[PDB]
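Below you'll find only one chain, the form deposited in one PDB entry, shown as structure tokens.
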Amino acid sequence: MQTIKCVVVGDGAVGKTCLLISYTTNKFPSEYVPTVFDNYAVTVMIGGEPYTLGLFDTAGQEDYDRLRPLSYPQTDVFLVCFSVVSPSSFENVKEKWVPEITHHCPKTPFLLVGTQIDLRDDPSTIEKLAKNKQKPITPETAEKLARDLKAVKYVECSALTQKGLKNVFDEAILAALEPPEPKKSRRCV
């Protein structure tokens, strides 16, 4: 049967794993975030046909720069994630993630994914960011970065409340649908 491979990249603490667990188990892991870097599968109906959506988690720490690319082969679509309450992670999108992804897979599309949006309305978080003269990343600022980096589009969500979650992956699926053309797919090689 038909398959789509999606790889999730982004800095540590961005919420990549929670994003995948909430989506695949419809339940945010509030007790203990699984430590293992795994890959998940979910079957999705597309035009009355079964499709397997392969979601691949990655290690965001700099210690894995040499090994991370090993997961990129055959990738149909990339999810480049950053936390909206983490200006640092947002800047690494342009400085580190898109460059890395385009270097190894120039033709493969990617979506810019803002995460942890529930924290934008968290007094505590605002205060912490304020004490350093920082404010949450806004959808407008992110949309501009997505446009300039040539991302398919900018989407955002919260794995906690699950808001915008399903949307992120519906969009990843739409961006992944490889036009039948003989053979000129954007699958990474």
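Only residues modelled in both forms are compared. We number the residues from 1 along the sequence you see. Rigid core here is just the name for the largest C-alpha set that superposes within 1.5 Å across the two forms.
What comes next is about the form deposited in another entry, which does not appear here.
Core-superposed comparison between the shown form and the other one: the CA of residue 130 stays below a 2 Å shift.
Three angstroms is the minimum change: in the other form, the CA atoms of residue 35 and residue 24 sit closer than in this structure, by 3 Å or more. Legend note: Cα of residue 37 to Cα of residue 106 is at least 3 Å farther in the other form than in the depicted form. Displacement of the C-alpha atoms by 2 Å or more across three or more consecutive residues between the shown form and the other one, following core superposition, is confined to the single run 28 to 37.
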